[PDB]
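One structure below.
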Amino acid sequence: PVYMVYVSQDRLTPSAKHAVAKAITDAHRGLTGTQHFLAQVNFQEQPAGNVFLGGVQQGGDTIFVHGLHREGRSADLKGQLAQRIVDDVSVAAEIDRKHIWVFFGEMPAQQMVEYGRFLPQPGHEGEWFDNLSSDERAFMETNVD
Amino acid sequence: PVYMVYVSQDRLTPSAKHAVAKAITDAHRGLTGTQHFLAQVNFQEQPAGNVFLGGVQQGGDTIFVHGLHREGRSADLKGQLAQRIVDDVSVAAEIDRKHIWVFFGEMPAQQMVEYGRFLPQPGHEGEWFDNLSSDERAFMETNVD
Amino acid sequence: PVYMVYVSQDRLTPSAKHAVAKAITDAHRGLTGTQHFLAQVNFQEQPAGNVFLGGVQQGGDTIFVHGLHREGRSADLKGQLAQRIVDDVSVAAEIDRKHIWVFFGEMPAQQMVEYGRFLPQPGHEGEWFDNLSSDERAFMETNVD
C-alpha cells in the first residue's frame, strides 16, 4: 500500500511525521497482516492556504490521507482500517478528528508493484516474501519500525 | 469529494486559487446536490518544468484536476460534471481548454471518511447531515461560501 | 495516460526527468499504441525525509509511479507495461529497481479529459485524433519527442 498524506508545510515536525507514518503503518499491519516494510507513507507538503473547503480557504490544519490498496478486502475490514487511521493519526499529529479525510482506492495486485516486484493477493503475502531473493528480503528487513 | 488540482508554481495568485475552488465547488454542488462544505479543493504546486507531454517539457500552463468521488452517479452526470469543470476552471484561472485535464475515479462511500465521518450515498446526504453532533454540524457550516 | 511520479527534491536532474518521462512515454506508446502526445508525466517533488518505508524515514532514493489509465486493457498487457516502466525507469534514472514502486489505476474513458476533450476508449484511438479541430491537432504535434 501507498499512503499519500497531504499536509500544509511545516505542520508536522520531522518527529511528527515519523509518529504519524508509524501510526499508519501499525494500523495497516495489525488489521490486514501485510508486513510493515510493505507499507509506504509519502507526505505531500504544500504551503498552507491551498486546501479549499466549500470555497473557504483553510489554514494549515487539514490532513488528507489517500490510501492505495490492492483489491480483495471486505468493506467491514476497510471501514475498520479507515476509522483506526482517523483515530491514531489524530493522536500522532495532535489534531482534531474533524480535520481528517481518509479515502481508499483499490486495484488488482497484478498491476501493483513494490520493491520492483508485483504484489500478491491479500490472501498470500507470507509465502510471497520467502520466495523472493535473499538480497531483496534483506533490503526489506531494513525498513521496519 | 476531494479535488487534487495540479498547477505549476506561479500560475495562481491567492485570488486566482479561490476563483478556481469556487468554480470547482459550485460546479460539484450544482450537478450533484452535495452541500457545500463537502467539496474540498486541494491545490498542489510544482515548479514549472515538471510536466512532460509526449516527452516534451512544459511551462506553467497545464492544469490537471483529479477528483475523488463516492461511487453511484451516472456517466451522463459525470460527463456533465467533467465538462463544466473544464469550462469554469478555464474562466476562473484565465486558461484555455486544451491545457485542461480532468480525471474522475470513484470509490465505495463505505471507504471514504470526511470530517471524521463516513460518506453516505448520494441517496442520503441530507438525512446524513442532520444526525451529527452539534459540533460536527457547526464546524461544517463555517466552510461554506 | 497521466502518470504522477513522486521523487525527492534534487534526486533527478532536469536531464534525468526528461530521460525518465521519455522512458515511461516510450513504454506507454510502445505497448498500448497511444500517441506520445496523450501521455503526461507529472513530476511531484518533496524534501527528502517525507518518504517512510515500514515506518523508517528513507533517503531520497524512492520513486513511486502511479499510472492513471483508460479501462479496457488486458491484465497481461498492464503487467508488461508496468514491467517495462520498472526496467526503463531503473535505467533512465540510474537507480536500482528495488527502489521503484508502480501502481496503475483505471477509469472509464467517458470520465477522462485530456486537452479539454473526452478521451476515447482504447477502441477509437486513431479515428478520434482525426476529428479534433486542426488547431487542436497542430497543438497535439508539438508534444512528440
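Every chain is numbered from 1, with letters handed out A, B, ... down the list of sequences.
Annotation for A:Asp10: atom CG does not count as buried by contact number, only 12 or fewer foreign heavy atoms lying within 6.0 Å. Within a 6.0 Å radius of CD in B:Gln9, other residues, nucleotides and ligands contribute more than 12 heavy atoms. The neighbour count for B:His124 NE2, taken as heavy atoms of other residues, nucleotides or ligands under 6.0 Å away, is above 12.
At least one side-chain heavy atom of B:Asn42 sits less than 4.5 Å from a side-chain heavy atom of A:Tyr6. With a 4.5 Å cut-off on side-chain heavy atoms, B:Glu45 and A:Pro47 count as touching. Residues A:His66 and B:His66 have side chains in contact (heavy-atom distance under 4.5 Å, counting atoms from C-beta outward). The shortest distance between side-chain heavy atoms of B:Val2 and A:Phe64 falls below 4.5 Å.
In this structure, the portions of B:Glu114 lying under 4.5 Å from any heavy atom of chain A include both its backbone and its side chain. Only the side chain of B:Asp135 comes within contact range of chain A, with at least one heavy atom under 4.5 Å from a heavy atom of that chain. Only the backbone of B:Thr142 has a heavy atom closer than 4.5 Å to any heavy atom of chain A. Heavy atoms closer than 4.5 Å to chain A are found in the backbone of B:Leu38, but not in its side chain. Neither the backbone nor the side chain of B:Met140 comes within less than 4.5 Å of any heavy atom of chain A. Only the side chain of B:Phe118 comes within less than 4.5 Å of a heavy atom of chain A; its backbone N, CA, C and O stay farther away. When heavy atoms are compared at a cutoff of 4.5 Å, B:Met107 approaches chain A solely by way of its side chain, counted from C-beta outward.
To the nearest 0.5 Å, atoms CZ (A:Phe52) and CG (B:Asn143) are separated by 11.0 Å. Note that the CG atom of A:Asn50 and the CD atom of B:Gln44 stand 7.0 Å from one another [nearest 0.5 Å].
With 3.5 Å as the limit, one finds a donor-acceptor pair spanning the side chains of A:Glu106 and B:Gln111.
For residues 73-104 of chain B, a heavy-atom distance under 4.5 Å to chain A picks out no residue at all.
With chain A as the partner, the residue from B:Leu68, B:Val144, B:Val5 showing the most heavy-atom pairs under 4.5 Å is B:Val144.
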